[PDB]
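Student: Got a structure for you, written out below as structure tokens; questions coming shortly.
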Protein chains: 6
Amino acid sequence: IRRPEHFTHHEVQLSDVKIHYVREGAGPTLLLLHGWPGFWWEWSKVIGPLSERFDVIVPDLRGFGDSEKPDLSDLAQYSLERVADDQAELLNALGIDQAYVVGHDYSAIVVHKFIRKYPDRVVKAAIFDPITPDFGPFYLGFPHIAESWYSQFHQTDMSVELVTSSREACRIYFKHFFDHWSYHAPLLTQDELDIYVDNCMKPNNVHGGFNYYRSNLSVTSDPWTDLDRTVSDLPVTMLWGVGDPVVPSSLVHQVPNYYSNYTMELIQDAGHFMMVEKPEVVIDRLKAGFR
Amino acid sequence: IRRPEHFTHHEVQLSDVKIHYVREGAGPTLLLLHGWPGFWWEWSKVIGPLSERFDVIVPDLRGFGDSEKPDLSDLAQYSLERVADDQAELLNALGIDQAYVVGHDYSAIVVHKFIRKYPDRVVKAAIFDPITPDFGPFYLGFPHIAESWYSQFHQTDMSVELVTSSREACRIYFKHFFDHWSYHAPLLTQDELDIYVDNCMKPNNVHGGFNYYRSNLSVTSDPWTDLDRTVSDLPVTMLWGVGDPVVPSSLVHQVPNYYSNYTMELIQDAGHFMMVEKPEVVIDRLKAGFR
Amino acid sequence: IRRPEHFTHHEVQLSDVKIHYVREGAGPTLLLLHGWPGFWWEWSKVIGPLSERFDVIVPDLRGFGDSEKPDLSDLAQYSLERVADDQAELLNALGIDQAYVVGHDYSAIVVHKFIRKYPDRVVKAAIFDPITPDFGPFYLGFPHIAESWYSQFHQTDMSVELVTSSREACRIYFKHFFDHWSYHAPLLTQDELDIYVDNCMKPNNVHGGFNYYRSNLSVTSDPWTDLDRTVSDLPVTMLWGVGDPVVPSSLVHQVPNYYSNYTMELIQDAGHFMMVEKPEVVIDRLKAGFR
Amino acid sequence: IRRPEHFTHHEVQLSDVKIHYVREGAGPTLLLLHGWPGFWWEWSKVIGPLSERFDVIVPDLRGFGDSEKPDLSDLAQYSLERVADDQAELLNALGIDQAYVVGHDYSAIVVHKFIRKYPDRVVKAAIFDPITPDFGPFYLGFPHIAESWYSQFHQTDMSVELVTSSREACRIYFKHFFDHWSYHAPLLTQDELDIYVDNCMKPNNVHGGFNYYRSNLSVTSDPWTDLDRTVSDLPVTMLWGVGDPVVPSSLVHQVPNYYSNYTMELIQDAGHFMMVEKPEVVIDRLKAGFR
Amino acid sequence: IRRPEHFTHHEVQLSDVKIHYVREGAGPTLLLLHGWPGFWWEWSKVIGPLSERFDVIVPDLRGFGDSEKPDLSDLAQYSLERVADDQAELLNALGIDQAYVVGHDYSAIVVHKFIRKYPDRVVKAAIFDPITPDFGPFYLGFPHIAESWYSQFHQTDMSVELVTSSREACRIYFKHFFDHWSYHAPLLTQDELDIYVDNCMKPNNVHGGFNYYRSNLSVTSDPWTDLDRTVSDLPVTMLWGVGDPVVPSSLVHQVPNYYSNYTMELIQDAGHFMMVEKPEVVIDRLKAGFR
Amino acid sequence: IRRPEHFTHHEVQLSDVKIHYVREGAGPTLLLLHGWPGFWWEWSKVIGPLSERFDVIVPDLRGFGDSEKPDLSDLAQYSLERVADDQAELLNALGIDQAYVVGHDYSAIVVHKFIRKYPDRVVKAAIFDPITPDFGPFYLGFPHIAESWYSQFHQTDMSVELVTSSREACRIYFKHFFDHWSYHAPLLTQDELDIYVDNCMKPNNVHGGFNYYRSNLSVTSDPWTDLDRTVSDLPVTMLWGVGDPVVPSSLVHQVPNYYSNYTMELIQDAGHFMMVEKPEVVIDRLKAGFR
């Protein structure tokens with residue numbers, strides 16, 4: 001295990017948020033983008049190996065980890081469009097013209113947006129369990145509400161009050177998602193889960209994360225733009241963990257309408273957290289895809 | 001306030017469960033049936049006044065309050081059809097030929113079932129915010145999942161673990177439903193909420209209640225029978241609290257397909273807990289309806 | 001029986017029609033609005049009793065009874081929107097700021113329109129067997145044409161010629177509707193039917209009534225406005241006669257889209273003419289509803 | 001004009017009805033079948049001319065004219081299937097192996113049925129304004145109820161009472177249909193209309209005719225058989241009067257599904273009564289079609 | 001047989017094409033319009049007989065026969081709208097105010113267009129196996145692609161290369177359509193087929209014909225105008241060959257939406273080439289229809 | 001170029017056909033299955049390289065190449081189900097328990113069928129431009145008939161007569177498909193095309209190939225079984241040539257319903273003939289996929 005403190009930590013002031021990140025390695029820039037309920041450290045198993053070939057950059061999304069939580073009452077500051085803008089600003093701030101970009105979960109949408117809005121800043125991309133503009137009707141539909149109920153729980157003030165009421169309550173809540181969304185539970189050792197809980201229990205982090213659901217996944221939300229509804233012919237490497245119940249491999253059928261130059265591989269013994277559950281697959285497929 | 005201990009408590013052994021109830025008054029029998037997340041005591045404001053005209057009987061549903069929790073692993077023992085059977089058995093056990101029956105929430109379904117399955121055991125009925133066989137597609141549909149998410153949360157083991165992890169967690173969770181489902185929050189005084197929490201924290205009561213959702217409201221559940229899909233011409237008094245967001249007054253449109261002899265009244269300053277929020281309305285309308 | 005001549009008769013000149021009415025009693029103003037094939041006198045059983053608590057005003061609609069028949073060739077003068085305007089003008093002319101208003105049949109639409117167009121002139125309203133903007137497709141649909149055929153018969157010149165060809169033909173025709181639309185035929189004694197026939201046989205009254213069908217119920221008619229398609233939160237007392245075959249109690253399902261503050265009661269032994277068949281119910285429910 | 005008494009009148013006892021007919025001429029047998037509200041005499045203008053080339057046989061349908069009215073309470077005896085059977089029996093009784101058959105209105109259905117059920121008894125057929133098994137949804141649909149309302153009026157006892165209440169009422173009623181269904185009103189001279197009224201006023205004839213509507217055109221009627229829903233390749237000559245509003249020329253589109261060997265001609269100045277309004281067209285087209 | 005050289009041949013310079021035609025007879029002008037894969041000579045059996053009563057004019061369509069092939073790369077010059085314009089120009093050029101016009105196949109569309117765009121230049125019209133604006137979805141639909149495949153073959157350059165590769169290849173190809181589209185194959189004698197092949201093998205004639213398919217029957221083509229979607233009340237004589245598999249007699253159902261003054265006759269032993277397979281029927285029906 | 005004669009040729013007698021094949025190499029068995037309009041030799045560029053790691057077996061499908069043409073009048077002998085059975089028999093006859101199987105075009109269906117019907121005879125599979133049971137409605141739908149027209153041309157006797165009329169006609173026809181279905185035309189050198197034409201011109205080979213279309217792709221054909229409509233969890237390597245217009249890369253969306261364990265890669269500069277246009281990709285991806 002490589003604990004958070006065994007990386008080098010940076011912060012950079014962007015136009016309306018401070019972004020925290022770790023950075024390591026040499027070569028072309030590889031930008032790794034996390035999801036919920038993790039943060040930058042979910043990539044910790046692959047950063048080292050990948051840094052042998054890349055300048056690996058791993059930020060906390062705004063509202064996550066040690067990155068700034070914008071005005072918690074202003075949901076416009078938690079829109080995914082701005083999170084994609086943050087990545088362009090991050091590259092500008094670091095003097096980087098082009099990067100390889102990788103995302104999943106919320107960052108699957110960030111990458112979707114990014115490669116279309118900033119096409120000249122991408123070399124190639126990778127997405128794990130990709131999410132397209134046609135996700136919405138499936139995800140909040142029947143019977144998938146059996147899996148997506150939590151997106152609506154997060155709309156309530158009570159969810160924040162309950163989940164942050166104690167470290168014990170927090171651990172209980174988040175453990176369910178790590179385990180249920182994985183191919184083989186437990187996903188995490190006790191020490192690893194403690195580190196995720198440490199992060200969730202930082203001031204405003206549970207609230208910050210739930211604001212993503214309020215801004216982008218309320219029943220009146222629409223996080224997608226016209227530009228998002230275009231075909232991209234950028235080379236994209238896609239993986240799916242067939243054990244993912246919340247963004248299931250059936251959703252491959254939504255991909256061809258948005259991409260003309262991709263690969264897809266269904267990983268048989270992985271769920272929603274590919275970089276945690278099958279880190280060697282991630283390292284191998286990215287090194288191969290981005291050769 | 002009339003605390004639980006200021007009533008007379010009974011238990012009776014039915015064919016496969018022990019049912020706890022309180023009983024008070026003289027006259028025709030009036031059977032009052034509670035919902036989730038309450039228990040018999042939610043009727044405590046109206047029992048006394050109604051007992052001036054009726055033999056008021058108020059049981060805990062199986063799986064609730066001080067009634068027996070059947071085998072927690074056997075969801076068939078938490079089907080609403082059996083809960084309706086329990087009411088027929090209760091009347092048999094007490095030597096009662098016919099009763100006036102009143103329900104809401106889960107007991108709206110119990111009464112729906114009861115008056116059709118045991119039509120000769122009913123004088124007249126009343127339902128608050130009634131639920132019909134056509135409820136399902138609306139309730140788990142879009143956008144109502146913003147309100148019904150909790151029915152799916154309850155499918156998880158983690159929900160029980162979290163909500164029972166401490167009295168504080170329990171209070172936080174249940175308070176949301178009392179307040180959000182009411183017309184004007186707070187619904188309850190601190191002492192009143194403590195009493196509901198005391199009950200929820202009794203061994204197996206949170207689990208017992210969540211089993212109702214697992215048996216009757218999973219995405220593969222079907223609690224309705226062919227007999228339920230028949231028109232009843234029994235006199236039924238119906239009330240709706242227009243402040244009810246989870247079973248909203250729009251659902252009046254589903255009632256005419258199932259009833260030919262009813263009244264309906266929309267109460268302007270009540271939500272989901274009519275007997276708690278507007279007890280004088282309940283007393284008046286039942287005394288009038290059942291004259 | 002209280003014959004027409006045993007009331008006090010008035011006429012008032014409104015902006016484009018003379019309206020005939022009877023008036024009786026003291027208290028808040030209660031405006032009672034008749035339908036087809038009756039006239040003001042259909043209310044004759046309840047006027048006296050209601051006048052003990054209200055200033056009861058009962059007009060003939062334009063085109064009916066002793067009220068003026070506008071230009072029989074001008075269907076715009078028989079639109080229901082103008083009939084609703086007539087009621088506002090009547091109140092103005094009598095120096096009345098606000099009234100309780102009651103309607104059924106055609107006057108169900110008049111009241112629908114009135115309470116939305118002149119909301120400041122209503123205290124509370126009542127409608128019997130209410131008709132909403134969604135009536136049309138049901139009423140002229142299949143199989144309801146078995147009941148609504150007469151609305152299309154009335155489009156023909158031959159219908160007027162036939163029905164007015166003799167007092168005997170007139171009696172034969174109208175008796176069918178009084179009896180078939182009631183819960184228990186005969187609706188009327190011989191003397192009562194003679195009085196309705198006397199009125200129908202007045203010059204232009206059959207034609208006047210049929211013009212309502214030509215203006216508002218032809219296959220190219222549209223009597224509803226945008227304003228009519230709004231929700232009203234005025235207190236409205238609604239009754240349905242379950243024996244009504246032409247505006248059946250199934251149509252309760254159309255009401256919730258237009259009203260948020262109402263009561264509904266299905267009367268088991270009444271049809272389309274509640275004030276004729278169950279006058280004591282009408283008196284009781286209006287006195288109660290408008291207390 | 002050739003009055004009824006200027007023909008030779010016959011009656012024949014068939015298996016369950018007595019059928020009246022007139023007969024004239026020599027050659028192949030030509031069977032002419034009338035509709036509502038006429039009887040055999042509507043063919044009176046063409047019988048003479050056609051008898052120069054054919055053995056013309058013109059019956060009253062059961063329930064019409066001077067033919068027997070079966071048990072007026074037994075609607076099964078007014079089904080169109082039996083009326084088609086009557087034509088086969090008529091031919092048998094007269095020792096006729098094959099005939100040319102012509103129908104319209106109700107007899108359009110009779111001929112439809114006849115040529116499929118008794119195909120070996122037909123040489124060729126002709127239908128004016130033909131009616132197929134797909135008629136129903138159009139005819140009782142919206143907006144055609146503006147034209148078909150009378151089929152539902154006839155379901156009522158009051159319709160018989162009203163229309164037979166006097167010769168004057170009878171004349172008024174039937175004149176509407178002769179005139180409105182024709183291309184150019186008036187269809188008839190005064191003397192001609194008097195003859196139709198004489199026939200309608202014969203005992204039970206209005207009732208008999210209305211029973212056709214009750215048996216075959218109620219909202220729960222189904223006069224068509226499986227055999228009727230087959231394609232016929234018999235030679236069929238079809239005419240349409242474009243002035244026919246009740247069976248309009250748009251209904252040509254329903255014909256190709258049922259016929260593979262036909263002609264169609266739209267007559268520009270005729271309505272529903274081709275043999276009355278354009279007798280020379282009828283004579284010419286039948287002589288030509290049946291050469 | 002009347003060979004091409006036994007007619008009198010003309011050419012006239014119209015505004016953007018030279019049109020070749022033959023002309024014969026005296027009387028009102030009768031304009032006969034051919035289809036694919038023929039040319040003017042397909043009418044050769046009926047021209048003589050018809051010339052006894054008419055001034056018969058029979059042109060090659062632009063792109064066919066000896067008429068000019070416009071710029072083969074410019075599909076706008078092969079639109080059917082311009083082919084209809086050519087007929088108006090032809091009449092102008094010959095000093096003819098009005099003509100009887102007859103078409104089938106592609107010329108069914110030409111006549112459809114012509115009688116609506118130049119209504120004052122038509123006396124009466126005739127169409128064989130008529131084609132309306134609603135043809136498209138049927139013709140390129142399933143299962144009719146089993147018959148319409150050739151319209152898509154013609155989109156390819158290879159079709160021209162193959163079909164013109166030799167006289168033998170040409171004969172093989174076109175013979176299929178003459179025979180398969182007829183009621184009884186063979187349609188043609190050997191000498192007659194040789195004459196059609198002679199014409200197809202003229203420079204650019206196969207290409208010219210295939211351009212009709214490219215301009216008017218590609219999957220992105222739309223040859224119809226708003227004016228084409230109007231009802232015509234011009235007298236139109238229509239025939240159908242029931243043996244036509246490519247424009248089948250079922251399509252009669254599309255005709256009533258576009259015509260209010262027509263006749264239709266299904267010819268039992270004819271297919272797609274009525275003037276070739278049943279010339280005496282054509283002569284008789286046109287002489288009769290245009291009397 | 002490696003000409004046909006530079007391979008070793010075999011024939012084996014199976015239960016109802018003689019199958020011709022070439023075979024080369026050592027290792028696990030790799031069975032390569034061709035499509036239309038090729039034969040075994042389309043694999044000629046990859047056989048040698050692949051034989052370094054595999055026992056490569058490459059048969060002509062029944063009805064193709066030098067394999068037997070069953071009774072040309074018996075379409076049941078050209079059903080794809082029997083072609084899949086032939087592969088099981090081939091393996092049995094050669095004493096092979098399991099093979100890697102690769103297909104495209106018609107053999108995409110053969111492999112689909114094979115891996116489900118004979119699951120114990122497959123190690124892993126690969127499909128190029130895969131075809132599933134949901135292909136039909138797309139392929140013969142609109143607008144894809146612009147591409148699929150040839151499947152219906154092949155239903156006609158004339159297609160065989162035309163295409164085999166000379167070597168020149170044959171070359172012209174087949175060249176279109178090699179070129180139009182490829183990413184960059186020309187697909188073939190002149191010598192390579194001559195070899196394909198040599199094969200097509202062998203007795204009955206054009207007819208044999210067209211029989212595949214008659215048996216499996218007529219508008220009344222159904223080549224799929226219930227077993228075909230099942231999910232396979234065999235490892236399958238899939239490639240798509242994005243330049244393929246007849247089986248386009250959009251059809252990836254049909255794959256997830258039938259496979260749970262696959263990879264997909266869109267090749268940017270290949271069309272329908274991956275093994276011909278991008279042989280090094282085929283060699284690399286199969287060696288990698290089947291390691």
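Labels for the structure tokens follow display order: chains A, B, ..., residues from 1 in each chain, ligands from 1.
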Just want the 8 Å neighbourhood of residue B:252, counted on only C-alpha atoms, with same-chain residues fewer than 4 positions away dropped. Output as a PyMOL selection string.
Tutor: (chain B and resi 130+256) or (chain C and resi 253+256)
Student: Just C-alpha atoms for this one: save the residues we selected as a compact mmCIF listing (two decimals), in the first residue's frame.
Tutor:
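File produced: again.txt:
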```
# COMPACT_ATOMS: atom_id res chain seq x y z
CA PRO B 130 -55.29 5.95 -0.57
CA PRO B 256 -62.54 5.94 -9.47
CA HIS C 253 -60.63 11.18 -12.75
CA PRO C 256 -57.64 16.58 -10.02
```
Student: Would you list the contacts of residue F:206 as a compact mmCIF listing (two decimals) with N, CA and C atoms, in the first residue's frame, taking every protein, DNA or RNA residue within 12 Å and counting only C-alpha atoms, but skipping same-chain residues closer than 2 positions in sequence?
Tutor:
```txt
# COMPACT_ATOMS: atom_id res chain seq x y z
N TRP F 36 -18.89 -14.03 -48.70
CA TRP F 36 -19.22 -13.72 -50.09
C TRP F 36 -18.72 -12.31 -50.42
N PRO F 37 -18.15 -12.09 -51.61
CA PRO F 37 -18.04 -12.99 -52.77
C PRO F 37 -16.71 -13.73 -52.89
N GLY F 38 -16.01 -13.94 -51.78
CA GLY F 38 -14.75 -14.66 -51.83
C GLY F 38 -14.88 -16.17 -51.69
N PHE F 39 -13.84 -16.77 -51.13
CA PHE F 39 -13.74 -18.21 -50.88
C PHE F 39 -12.51 -18.37 -49.98
N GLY F 63 -21.20 -24.87 -51.18
CA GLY F 63 -21.75 -23.96 -52.16
C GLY F 63 -20.75 -22.93 -52.67
N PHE F 64 -19.52 -22.97 -52.16
CA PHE F 64 -18.46 -22.02 -52.53
C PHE F 64 -17.19 -22.73 -53.00
N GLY F 65 -16.37 -22.02 -53.77
CA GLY F 65 -15.04 -22.50 -54.12
C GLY F 65 -15.02 -23.89 -54.75
N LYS F 69 -21.36 -28.15 -54.33
CA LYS F 69 -22.63 -27.44 -54.43
C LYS F 69 -23.76 -28.45 -54.27
N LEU F 72 -28.96 -27.68 -56.28
CA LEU F 72 -29.14 -26.25 -56.43
C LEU F 72 -30.60 -25.81 -56.29
N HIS F 154 -30.22 -11.10 -56.21
CA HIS F 154 -29.81 -12.51 -56.21
C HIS F 154 -30.97 -13.51 -56.12
N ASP F 157 -33.67 -15.37 -61.20
CA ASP F 157 -32.92 -16.21 -62.12
C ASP F 157 -32.05 -15.35 -63.03
N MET F 158 -32.54 -14.16 -63.36
CA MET F 158 -31.82 -13.29 -64.28
C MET F 158 -30.45 -12.90 -63.73
N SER F 159 -30.33 -12.75 -62.41
CA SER F 159 -29.04 -12.40 -61.84
C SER F 159 -27.98 -13.45 -62.19
N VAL F 160 -28.30 -14.73 -62.06
CA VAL F 160 -27.34 -15.78 -62.42
C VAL F 160 -27.02 -15.73 -63.91
N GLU F 161 -28.05 -15.62 -64.74
CA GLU F 161 -27.89 -15.59 -66.19
C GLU F 161 -26.98 -14.44 -66.61
N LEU F 162 -27.21 -13.27 -66.01
CA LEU F 162 -26.44 -12.07 -66.35
C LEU F 162 -24.99 -12.17 -65.89
N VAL F 163 -24.80 -12.49 -64.62
CA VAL F 163 -23.46 -12.48 -64.03
C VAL F 163 -22.56 -13.58 -64.62
N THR F 164 -23.14 -14.70 -65.05
CA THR F 164 -22.34 -15.78 -65.65
C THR F 164 -22.32 -15.73 -67.17
N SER F 165 -22.91 -14.69 -67.77
CA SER F 165 -23.06 -14.64 -69.23
C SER F 165 -21.70 -14.55 -69.92
N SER F 166 -20.72 -13.99 -69.23
CA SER F 166 -19.35 -13.97 -69.73
C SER F 166 -18.42 -13.66 -68.58
N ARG F 167 -17.14 -13.96 -68.77
CA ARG F 167 -16.14 -13.67 -67.77
C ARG F 167 -16.06 -12.16 -67.54
N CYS F 170 -18.99 -11.08 -65.39
CA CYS F 170 -18.68 -11.56 -64.05
C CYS F 170 -17.71 -10.64 -63.33
N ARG F 171 -16.62 -10.28 -64.01
CA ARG F 171 -15.62 -9.38 -63.46
C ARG F 171 -16.21 -8.02 -63.10
N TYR F 173 -19.29 -7.22 -62.39
CA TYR F 173 -20.21 -7.32 -61.27
C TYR F 173 -19.47 -7.39 -59.94
N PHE F 174 -18.58 -8.37 -59.80
CA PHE F 174 -17.94 -8.63 -58.52
C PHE F 174 -16.95 -7.54 -58.11
N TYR F 196 -10.18 -14.27 -58.15
CA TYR F 196 -11.55 -14.32 -57.64
C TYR F 196 -12.54 -14.61 -58.76
N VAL F 197 -12.31 -14.03 -59.93
CA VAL F 197 -13.22 -14.25 -61.06
C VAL F 197 -13.12 -15.69 -61.57
N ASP F 198 -11.90 -16.22 -61.65
CA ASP F 198 -11.69 -17.64 -61.97
C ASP F 198 -12.58 -18.52 -61.09
N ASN F 199 -12.59 -18.23 -59.80
CA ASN F 199 -13.37 -19.03 -58.86
C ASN F 199 -14.88 -18.87 -59.07
N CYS F 200 -15.34 -17.63 -59.24
CA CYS F 200 -16.76 -17.36 -59.48
C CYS F 200 -17.28 -18.02 -60.76
N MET F 201 -16.41 -18.14 -61.75
CA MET F 201 -16.78 -18.69 -63.04
C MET F 201 -16.75 -20.23 -63.07
N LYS F 202 -16.23 -20.87 -62.02
CA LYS F 202 -16.36 -22.32 -61.90
C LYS F 202 -17.83 -22.69 -61.92
N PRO F 203 -18.15 -23.85 -62.53
CA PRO F 203 -19.54 -24.28 -62.69
C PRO F 203 -20.32 -24.24 -61.39
N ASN F 204 -21.48 -23.59 -61.44
CA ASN F 204 -22.43 -23.47 -60.34
C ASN F 204 -22.01 -22.57 -59.17
N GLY F 208 -24.51 -21.08 -56.65
CA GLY F 208 -24.31 -21.55 -55.29
C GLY F 208 -24.30 -20.41 -54.29
N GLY F 209 -23.54 -19.36 -54.60
CA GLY F 209 -23.45 -18.21 -53.73
C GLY F 209 -24.78 -17.48 -53.61
N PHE F 210 -25.47 -17.30 -54.73
CA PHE F 210 -26.77 -16.62 -54.73
C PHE F 210 -27.82 -17.41 -53.93
N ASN F 211 -27.67 -18.74 -53.91
CA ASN F 211 -28.55 -19.57 -53.10
C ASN F 211 -28.46 -19.27 -51.60
N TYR F 212 -27.31 -18.76 -51.15
CA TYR F 212 -27.19 -18.33 -49.76
C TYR F 212 -28.17 -17.20 -49.49
N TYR F 213 -28.29 -16.28 -50.45
CA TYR F 213 -29.21 -15.15 -50.33
C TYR F 213 -30.66 -15.61 -50.41
```
Student: Quick one: pull the distance between atom CA of residue A:78 and atom CA of residue A:138, Å, one decimal.
Tutor: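 Answer for the atom CA of residue A:78 to atom CA of residue A:138 separation: 22.6 Å.
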Student: Near residue E:139, counting only C-alpha atoms, which residues have an atom at most 9 Å away, once you skip same-chain residues fewer than 4 positions from it, shown as a list in words?
Tutor: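 Non-adjacent residues within range: residues 135, 143, 144, 145, 147, 148, 246 and 247 of chain E.
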Student: Just want the 12 Å neighbourhood of residue D:192, counted on only C-alpha atoms, with same-chain residues fewer than 2 positions away dropped. Output as JSON, numbers by chain.
Tutor: {"D": [1, 2, 3, 4, 38, 41, 42, 44, 45, 171, 175, 178, 186, 187, 188, 189, 190, 194, 195, 196, 197, 198, 199, 276]}
Student: I'd like the contact shell of residue A:99 - 12 Å cut-off, only C-alpha atoms, skipping same-chain residues fewer than 6 positions apart - returned as an MDAnalysis selection string.
Tutor: chainID A and resid 27:32 54:57 87:88 90:92 111 114:115 118:126 290
Student: Which residues of chain D are close to chain E, meaning at most 9 Å apart when you count only C-alpha atoms, and how do they look as JSON, numbers by chain?
Tutor: {"D": [242, 249, 250, 251, 252, 253, 254, 255, 256, 257, 260, 261, 262, 263, 264, 265, 266, 267, 268]}
